[PDB]
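Architecture and fold: a report
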Amino acid sequence: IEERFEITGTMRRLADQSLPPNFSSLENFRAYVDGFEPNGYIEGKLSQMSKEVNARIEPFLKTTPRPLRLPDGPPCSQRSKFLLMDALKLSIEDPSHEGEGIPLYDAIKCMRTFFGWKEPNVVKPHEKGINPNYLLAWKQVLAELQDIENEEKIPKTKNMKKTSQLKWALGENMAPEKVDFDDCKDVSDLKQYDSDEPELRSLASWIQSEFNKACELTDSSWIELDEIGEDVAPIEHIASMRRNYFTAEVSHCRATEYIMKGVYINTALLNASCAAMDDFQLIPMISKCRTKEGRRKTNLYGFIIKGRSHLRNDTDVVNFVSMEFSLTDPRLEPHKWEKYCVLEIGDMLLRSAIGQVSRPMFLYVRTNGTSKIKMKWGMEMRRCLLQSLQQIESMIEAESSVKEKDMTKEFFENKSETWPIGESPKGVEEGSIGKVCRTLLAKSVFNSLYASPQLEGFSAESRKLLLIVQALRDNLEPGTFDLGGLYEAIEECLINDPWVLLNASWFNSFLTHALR
Amino acid sequence: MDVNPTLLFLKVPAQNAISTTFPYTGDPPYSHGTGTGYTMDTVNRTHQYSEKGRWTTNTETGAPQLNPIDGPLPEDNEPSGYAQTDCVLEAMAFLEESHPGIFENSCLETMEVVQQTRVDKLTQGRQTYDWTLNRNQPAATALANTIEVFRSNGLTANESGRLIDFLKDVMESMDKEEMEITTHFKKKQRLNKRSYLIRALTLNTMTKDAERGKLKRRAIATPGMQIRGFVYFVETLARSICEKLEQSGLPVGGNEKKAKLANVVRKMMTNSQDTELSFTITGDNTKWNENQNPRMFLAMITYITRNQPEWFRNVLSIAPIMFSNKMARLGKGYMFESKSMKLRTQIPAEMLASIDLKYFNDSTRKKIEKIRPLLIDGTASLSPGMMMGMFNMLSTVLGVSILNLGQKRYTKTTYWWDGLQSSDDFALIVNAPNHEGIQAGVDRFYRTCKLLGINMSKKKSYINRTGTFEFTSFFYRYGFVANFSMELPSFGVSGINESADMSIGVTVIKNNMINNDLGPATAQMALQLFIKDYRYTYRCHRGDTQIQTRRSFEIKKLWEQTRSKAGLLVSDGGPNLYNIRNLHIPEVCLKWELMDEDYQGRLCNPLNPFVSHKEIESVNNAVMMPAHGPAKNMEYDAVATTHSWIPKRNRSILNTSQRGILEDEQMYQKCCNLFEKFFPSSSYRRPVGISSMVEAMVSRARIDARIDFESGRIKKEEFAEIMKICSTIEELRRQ
Amino acid sequence: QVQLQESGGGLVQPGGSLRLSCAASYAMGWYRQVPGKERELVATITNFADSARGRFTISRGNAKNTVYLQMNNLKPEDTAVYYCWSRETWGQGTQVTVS
Amino acid sequence: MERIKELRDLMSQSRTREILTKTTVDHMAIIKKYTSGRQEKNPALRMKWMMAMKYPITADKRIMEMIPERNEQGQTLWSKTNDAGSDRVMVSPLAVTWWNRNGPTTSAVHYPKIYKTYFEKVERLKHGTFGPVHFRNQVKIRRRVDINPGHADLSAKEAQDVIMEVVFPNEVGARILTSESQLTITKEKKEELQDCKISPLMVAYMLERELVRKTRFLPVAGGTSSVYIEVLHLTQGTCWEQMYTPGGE
RNA sequence: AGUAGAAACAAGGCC
RNA sequence: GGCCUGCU
């Protein structure tokens, strides 16, 4: 038998219309191809082609790269789902573990530990919402917390009443009703969804200080790691010792506290959204630490009210309202709290040598939102620990490949070697390996917190320029074909995100300090 | 003092700490709404990069098509799709000369495969655009629907069970006056010749999500089922060809890519003497897919298949012939909002041809105005170039031809170049006695690339001295450096099931320790964090804790019931015995000797109602879409336990007019289960033949009853009962 | 890329003084090697080892591209080849002999 | 008896009768994969989202007659509402743990005989002897190596006939294995697994894994042996080497 | 309002 | 008010 695959009919005519411009049939084109032999045709067209088609190499020197321009506009605002630098903790000193316990009872017990409650009043308005709604929501939360305190056994999860206050605060019945085009065509206002470049905003100095204090040590251990199989190999012992060193370095770090806060908050929010889709739910922000003395402790930052969460797509938004205690007066950096409503709820007395301070104690209240993807990715914030400590362990291994011996202990104790991890007005400041660990952990945590497309684009297009600059510093005669194009590609990612703008400022500082 | 991590690069080289520059710990960007805008923008951009071509109107589809081939040579560095037929034919000829026997051999193996390939091979594919319903559906479903429609219309050659016969039927369908399709809202609708042609030549456009590394979103395309067989054969030929080319890196993995990159850099630099300078270009190609004309792929394949049986040439040429006339569906549509009346609306994309432009903004208004002339029956003709890397391997072949065209035998000059090409990305090592020689070599390479419709992205490319470069997120600095930030997203619970997730997590940790140079202490930390997240996700806590969950009661009673609690699986609330030495052992086997026999038997019980196995392909294979790469499959070691359940399905089909698909699913699955019970090898080896179900089932009932009496439980009473029941079903099938 | 040349060594009295200087082509410093031993940390730029603290001062002129080591009240135990470095890059060392 | 009886019951109803009559054997695979269920793009997100629901997993109908509808306190274990496109019913994860504390028990003595590869790995590691860790730069060079340490010198297709004749002796067809190595393998794995009742498909899959040779490209430094490659993560690192000798040697 | 960012969510459909 | 769905 002979296999027959014949092109005929319409499919043949299509073959006659898929040839070069000056061919009439597939038969003729195939005959030409079979009869074709190389006779120096690339050279002829290369000679005839215009010489303006070139890839001239522009030398890259120390004076070539210019600082990246940052956008100008109103200062950048806060985007986090919870307070990071201005958080306050009410504690009970209980022996329970992280997941162990019941949320509502722990929150009520922690809140009863504080005395000095005052009738709440407006301090700094939202500037775009209805602050009285926030005030009434706070008082409602307090009242219903007492209502739970009265009854027999604290419920594991509580549902709140759907008053107009939280109906507005949670954005209920505000989605436009879906209709058919044939019924709405004469409406003049009918147009596309607003699709334009985000608003431009200039960097502010608050994000820098927030990152600075996100890398600082603390008086608690915010990581209680799980169990592993007992180490049997010497390499396993080395790994365990290294891991213990890093845990001692990073556990007492605000980055770990932020990691735990985000993980717990997002886990609770996702579980409540998946379970109580319809009805508004109360969730106290809880985080459990261990003191220097070793006594376990619980901490209550505030409360989250989750709203209707009928989330179908990964981008669908669940709205909630977050309330958090703090002592930082919002009258000093108002531009950082554009979307917050801040009340005055009490006074706190912390033991200090200056008599006793008797500071005010405010409540930051805001309406925020998330999505299934955002919740899932925020509940995997513990991989920031991985990223950071993998980088540090790569450093240690690379250095130990030079000296034939493990170099961890002297790195962590002697602290002789230091890396540039920041710049002071005096100059570049270097810190021990532990400070590098904390700095990288904070960088990863902020990447996970302020994640956005701007961050990805800037990261890629700035890694390109970083590689070029590294090649320059290595004396490898780097060259570029269109550096202005790369600069324009980098500068289009900087729009309004505080984190990416801070990264761009850091990159400019690195260029200024480099190229010398 | 202000902390600044970037300053760390002043002491640690950039590549030794490049992992810090990968923000892969946050949510990747996602698209929210329609992808119609991106589709229209891509169509217009592809058509305007070839504006100087010549216009024609297809006599079959009636759509306007633009042919830029052999068009005017470019006079600027902007992207251009004006590829020259003679130049590319000469490049392929030189490729053949440098590698004699490549095309003939590759065609021989491809001919073998094509003439022995089966239809079922088309089911092994992800979403495909079913034209019977004008929507994306699983490959198997679309194939079944198309086969049903063909059989209803009279095209039954595919009953031979051969993919070549299926393609013969597909082509024969092109010459039919009137086909018939089914729609549910069942209604039988008639499609004329032109409508069916456009439905078979069209592509479905969507928006790509979870794409890290760029601020703007892109659009991707999915073809139909009529054209996927030709694409399969063409890609088989291209893969067989590239496997014989060491300059290609597309048909290999990552480690092979690194090995070939190291080999080529060492070859180029080492052979270079002290007088010759060497430079590496880390090049990316701008608008790679939009500038590759299918007609040029037709030319390349017809040159490859010279002196071959004409049927082979025809079957391999059908694919580019259809791509040259390919159409693209605009997309989902556009959603409008009216705040004055507080409402929203969703207009399908098919109305873009006639809908007024008052609702659209300036950018979208202009895009629609520019794309309207190409709109034919709600879809836009996209002849000039490929949409999204459907011919990856042929593009790699063209790039490898360009790379080989500078072997110093065709350059005819002191300078020369080599390197590695993987579609849309390349590393080019060019050597020349002086900087002028390097400049001339790179200029000529760029010029030759522009003669083949390939453009080099000057903004994303840079040249330095050899020894430092990048290639597909692999940073080479006197040796490849591990990143570990590309695999970070794969350190969580995969989402298959409990046992599968555990095994996949431990295996991923192991692999990233082997390949991506993950440290021991870091690996231990990853194991701890993964175990924590696993327990918190599946509500399976240690059991000795007081963490109240929806599953903490049964777990606690199982804990208190067990005597040797060290053998309990983490899924059942037991301790974790994993460590760096135990990352290559399944959990069940690591705890086998510690389990109590009662719990061991209850766990690994074949009669459990949870374990379900469908086919040999889906036993222990998990499809994990890696970050910054195409979808990939992994073999994970796991023991079939009661924890190997499969999760719930979507269940939203119940509210759609396509609700009868579930009844058909149930009936097909019942019949398949009956056949499997009749033919146990149905899953492991897919049955072949031309008979129908009931014939085989009844006849095997005859024989098995017979022989199982000749020794077994059956009795004469039962054997005769089965024989006459077989006769009963026979007469039932008669009527 | 970085080359380093030390100057200012020689024969000196005990209780004498000596100014080492290292010209370069980054943090800098000074290490020393006695005939019977490997490397000993002296100074880095500031930090000084126990055996030389208060006696010796490290300084640098970034405009001259030079790092200096001002040694005072020298002991016979300071007798070593003093090597300058940059950070991977090491000088050839300058002989200091105290007696 | 039963099998032909549900066959007749299926043929009783017109739609299934038509499906059985017009559908040919070759199309078996197609219709078996015919489904409306799309393959998940983000499995982790939905696994973390579905497990927060009640009745998130699926199980055969038989579960309704082995496990009670509710446990001691009344937490529901299974529901009678079937899945989307199957006769299986959606059930809660507790029904898993319940099955592991009061479900039927069997004799799992033969699982070690089936899952030969994994238990051989465990035995090899249990008797291994570690050594000192030496810190020095390792020149990892990339090489093609065989990962499976129990491959019987057979390819996929070469051992597929052996596997069928071991598990499905009647569907072998024309093939009768010529090589005597295959003869002995068939004899051994036939007499060893003569009454094992795990599943034909899993038995075939594990026999394929054990006998079929598989190869992959990996960065290695030393070793190169099959037994030394499975522990390549534990013996070789970036700057450290851990001497190891599996229990086999 | 809010989330978010080149288009969307701020429940959908069926009676 | 009653009931259905949450990648179709």
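Calculation criteria
Within each chain the first residue of the written sequence is number 1 and the count goes on from 1 in that order, possibly differing from the entry; residues lacking coordinates are omitted. Written order decides the labels, with chains lettered from A and ligands numbered from 1. Each side-chain value is worked out from all heavy atoms of the structure, with water and hydrogens disregarded. Two residues qualify as a contact provided that any one of their heavy atoms is within 4.5 Å of a heavy atom in the partner residue. The term buried area denotes the loss of accessible surface (1.4 Å probe radius) that occurs when two parts are joined, taken as the sum for both partners. Within this document, salt bridges are pairs made up of a side-chain nitrogen of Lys or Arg and a carboxyl oxygen of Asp or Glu, the two lying within 4 Å of each other. Any pair of N or O atoms that falls within 3.5 Å is considered a polar contact. Within protein, one atom must be able to donate a hydrogen and the other to accept it, and sequence-neighbouring residues count only if both atoms are side-chain atoms. Secondary structure is summarised from DSSP: a helix means a run of H or I of at least four residues, a strand means a run of E of at least two, and numbering begins at the N terminus for each. Amino acids outside the nonpolar list (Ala, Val, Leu, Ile, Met, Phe, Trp, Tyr, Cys, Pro) and the charged list (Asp, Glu, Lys, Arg) are all regarded as polar, and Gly is one of them. A pair of strands is treated as paired once DSSP finds two or more bridges between them. Put simply, the grid is 1 Å and covers the protein atoms alone, a cavity is a trapped set of points that fit a 1.4 Å probe, a pocket is an open set with protein on both sides within 12 Å along at least five of seven lines, and lining residues have an atom within 4 Å of a point. Grid points are joined across faces, edges and corners, and a volume is the space filled by probe spheres set on the points. Put simply, a disulfide is two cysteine sulfurs that come within 2.5 Å. Per-residue accessibility, obtained with a 1.4 Å probe over protein chains only, is compared with the maximum for each type, and a residue is labelled buried under 20%, exposed over 50%, and partly exposed between these values. Whether a residue is near a molecule or strand depends on its heavy atoms: it is near if one of them lies within 4 Å of it. The criterion for an aromatic pair is that two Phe, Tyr or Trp rings (for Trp, the six-membered ring) have centres within 6.5 Å, with stacked assigned to planes under 30 degrees apart, edge-to-face to planes over 60 apart and tilted to the rest. Consider the ring centre and the ring normal. A charge sits over the ring if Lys NZ or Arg CZ is within 6 Å of that centre and within 35 degrees of that normal. Whenever a helix is involved, its axis is fitted only over the stretch in contact; in every case the axis is a line through C-alpha atoms, and angles between N-to-C directions fall within 0 to 180 degrees. Oblique is the label for any angle not covered by the other classes, which are roughly parallel (under 35 degrees), roughly antiparallel (over 145) and roughly perpendicular (65 to 115). By the definition used in this description, the sense in which the near helix is turned from the far one sets the handedness, with an anticlockwise turn below a right angle giving left-handed and a clockwise turn giving right-handed. What we call a nonpolar core is a set of buried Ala, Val, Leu, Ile, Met, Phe, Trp, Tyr and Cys residues that are connected through their side-chain atoms within 4.5 Å.

Structure determination for this entry, per the PDB record, employed cryo-EM and reached 6.2 Å resolution.

Quick word on the interface of chain B and chain A
Taken together, the contacts link 168 residues of chain B with 158 residues of chain A. Here chain B and chain A share an interface that buries about 15,300 Å² over both sides, 61% of which is from carbon and sulfur atoms. For the interface between chain B and chain A, the tally reads 15 salt bridges. In this structure, the salt-bridge partner of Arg313 of chain B is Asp34 of chain A, at a minimum N-O distance of 2.8 Å. For the pair chain B and chain A, the interface holds 78 residue pairs in polar contact. The greatest single-element share of the side of chain B that touches chain A, amounting to twelve residues, is contributed by helix α15 (residues 520–538) of chain B. Grouping the amino acids of the side of chain B that touches chain A by side-chain chemistry returns 78 nonpolar, 49 polar and 41 charged. The sheet contact formed by strand β6 (residues 191–192) of chain A and strand β12 (residues 333–338) of chain B spans two bridges and is antiparallel.

Here's the deal with empty space enclosed by the protein
Residues and elements named next belong to chain A. For the largest cavity, the calculated volume is near 210 Å³. Forming the walls of the largest cavity are 17 residues, and the residues nearest its centre are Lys81, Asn266, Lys374, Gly378 and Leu449. The element that contributes the greatest number of residues to the lining of the largest cavity is helix α9 (residues 254–275), accounting for four residues. Split by residue class, the lining of the largest cavity holds eight nonpolar, five polar and four charged.

Section: the state of the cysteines
Residue and element names in this part refer to chain C. Summed over the entire model, instances satisfying the criterion amount to one disulfide over all chains. Covalently, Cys22 is tied to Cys84 through a disulfide, its sulfur atoms 2.0 Å apart. Taking the torsion about the S-S bond as the criterion, the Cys22 to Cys84 disulfide, at about -75°, is left-handed. Taken individually, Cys22 and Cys84 each receive the classification buried, so the pair is uniform in this respect.

Section: the protein's contact with RNA strand F
Of all residues adjacent to RNA strand F, which total 17 residues, the nearest are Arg312 of chain A, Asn650 of chain B together with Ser36, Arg38 and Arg46 of chain D. When atoms of RNA strand F within 4 Å of the protein are split into backbone and base, the sugar-phosphate part holds 59%. Between RNA strand F and the protein, one listed contact pairs a sugar or linking oxygen with a side-chain N or O atom of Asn655 of chain B at 3.0 Å. Of the residues assigned to the surface near RNA strand F, the class counts are three nonpolar, six polar and eight charged.

A short note on the pattern of salt bridges
Using the criterion set out here, one finds 100 salt bridges over all chains in the structure. Between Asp120 of chain B and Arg686 of chain B there is a salt bridge, and its shortest N-O distance comes to 2.3 Å. Accessibility expressed as a relative area gives 3% for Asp120 of chain B, which makes it buried. Two residues, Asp146 of chain D and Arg213 of chain D, come together in a salt bridge whose shortest N-O distance is 2.6 Å. Taken together, the residues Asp146 of chain D in strand β5 (residues 141–146) and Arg213 of chain D in the loop between α10 (200–211) and β6 (215–220) connect sequence positions 67 residues apart. Its relative accessible area of 17% is what places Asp146 of chain D among the buried residues. Each of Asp226 and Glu227 of chain A together with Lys532, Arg535, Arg542 and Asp544 of chain B takes part in one network of salt bridges that share partners.

So, the protein's contact with RNA strand E
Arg79, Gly171, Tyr193 and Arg366 of chain A together with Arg344 of chain B are the nearest of the 37 residues found near RNA strand E. Close to the protein, within 4 Å, the atoms of RNA strand E are drawn from sugar and phosphate at a rate of 63%. In the model, a phosphate oxygen of RNA strand E is placed 3.1 Å from a nitrogen or oxygen of the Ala175 of chain A main chain. Interatomic distance of 2.9 Å between a backbone N/O atom of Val317 of chain A and a sugar or linking oxygen of RNA strand E. Going through the elements one at a time, β10 (317–326) and β12 (359–371) of chain A are the ones with two or more residues in the surface near RNA strand E. Counting residues per element, the surface near RNA strand E draws most heavily on β12 of chain A, at four residues. When the residues that make up the surface near RNA strand E are grouped by side-chain class, the tally is ten nonpolar, 13 polar and 14 charged.

With respect to the packing of aromatic side chains
Tallied over the entire structure, the rule returns 58 aromatic pairs over all chains. Counting every residue linked through ring pairs, the aromatic cluster contains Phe23, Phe29, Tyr32, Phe36 and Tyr41 of chain A. A cation over an aromatic ring shows up here: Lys458 of chain B above the ring of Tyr446 of chain B, its NZ or CZ 5.6 Å from the ring centre.

Details of the interface of chain D and chain B
Each side of the interface is counted separately: chain D has 121 residues, and chain B has 139 residues. Counting the contacts that link chain D with chain B gives 13 salt bridges. Note that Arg685 of chain B and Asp161 of chain D form a salt bridge whose closest N and O atoms lie 3.7 Å from each other. The interface formed by chain D and chain B holds 43 residue pairs in polar contact in total. In terms of residue count, the dominant contributor to the side of chain D that touches chain B is helix α1 (residues 2–12) of chain D (eight residues). Here the residues of the side of chain D that touches chain B are counted per class, giving 62 nonpolar, 29 polar and 30 charged.

Observations regarding the pairing of strand β8 (residues 66–71) of chain C
All names here are of chain C. Burial of β8 is extensive: five of the six residues sit out of reach of the surface. The pairing of strand β3 (residues 18–24) with β8 spans six bridges and is classified as antiparallel. What sits directly across from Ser21, in β8, is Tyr68. Across six bridges, the pairing between strand β7 (residues 56–61) and β8 is antiparallel. What sits directly across from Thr57, in β8, is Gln70. Once β7 ends, the chain turns through four residues before running back antiparallel as β8, passing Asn65 with a positive phi of about 55°.

Describing the sheet that holds strand β14 (residues 375–376) of chain B
Residues and elements named next belong to chain B. Pairing within the open sheet is mixed, and its five strands lie in the order β9-β8-β11-β15-β14. On the outer flanks of this sheet lie β9 (219–222) and β14, each paired with one strand and no other. Sheet topology note: the β14/strand β15 (residues 379–381) ladder contains two bridges and is antiparallel. Looking across to β15, one finds that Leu375 is bridged to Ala380.

A look at the pairing of strand β2 (residues 78–82) of chain D
Residue and element names in this part refer to chain D. Here β2 runs beside strand β3 (residues 89–91); their pairing, made up of two bridges, is antiparallel. Note that in β3 the partner of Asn82 across the bridge is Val89. The turn joining β2 and β3, which pair antiparallel and follow one another in sequence, is formed by six residues.

Concerning the packing of helix α8 (residues 234–251) of chain A against helix α11 (residues 383–400) of chain A
Residue and element names in this part refer to chain A. Running from N to C, α8 and α11 point in directions that differ by 125°, and their axes come no closer than 12 Å. Overall, the two elements α8 and α11 adopt an arrangement that is oblique. The interaxial crossing formed by α8 with α11 has right-handed handedness. Between α8 and α11, the residues in contact are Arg242, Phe246 and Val250 and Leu385, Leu389, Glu393, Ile396 and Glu397, respectively.

Structural notes on the arrangement of the chains
Here the protein chains form five pairs of chains in contact, of which the pair with the most contacts is chains A and B. A minimum C-alpha distance of 17 Å separates chain C and chain D, which share no contact.

Things to note about the nonpolar core
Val445 of chain A, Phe610 of chain B together with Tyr115 of chain D are the most contacted members of the largest nonpolar core, which totals 201 residues. Among the elements that take part in this core, α15 of chain B stands out by supplying ten residues, more than any other. Among all residues touching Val445 of chain A, those that are not within four sequence positions of it are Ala255, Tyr258, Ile259, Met381 and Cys384 of chain A. Residues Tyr303, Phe336, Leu374 and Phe445 of chain B belong to the second largest nonpolar core, which totals 181 residues.

Topic: helix α4 (residues 43–50) of chain D
Counting buried positions over the eight residues of α4 of chain D gives seven, a clear majority of the element. When we look at burial in α4 of chain D, the residues that qualify are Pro43, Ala44, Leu45, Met47, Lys48, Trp49 and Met50 of chain D. In this fold, the buried residues of α4 of chain D make contact with α9 and α10 (372–378) of chain A together with α14 (498–514), α15 and β22 (621–624) of chain B.

Side note on the side chain of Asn299 of chain A
Residues and elements named next belong to chain A. Among the secondary structure elements, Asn299 is positioned in strand β9 (residues 296–306). Residue class for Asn299 comes out buried when judged on its relative accessible area of 1%. There is a polar contact of 2.6 Å between the side chain of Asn299 and the side chain of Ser91.

Here's the deal with unusual backbone geometry
In the Ramachandran plot, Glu93 of chain A falls in the positive-phi region, its phi being about 70° despite a non-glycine side chain. Tracing the chain through its elements places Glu93 of chain A in the loop between β2 (90–91) and α4 (103–112). Here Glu93 of chain A falls in the partly exposed class, since its relative accessible area comes to 47%. Of note in the backbone geometry, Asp517 of chain B takes a positive phi value of approximately 55° without being a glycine. Locating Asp517 of chain B in the fold gives a position in the loop between α14 and α15. With relative accessibility at 28%, the residue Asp517 of chain B sits in the partly exposed group.

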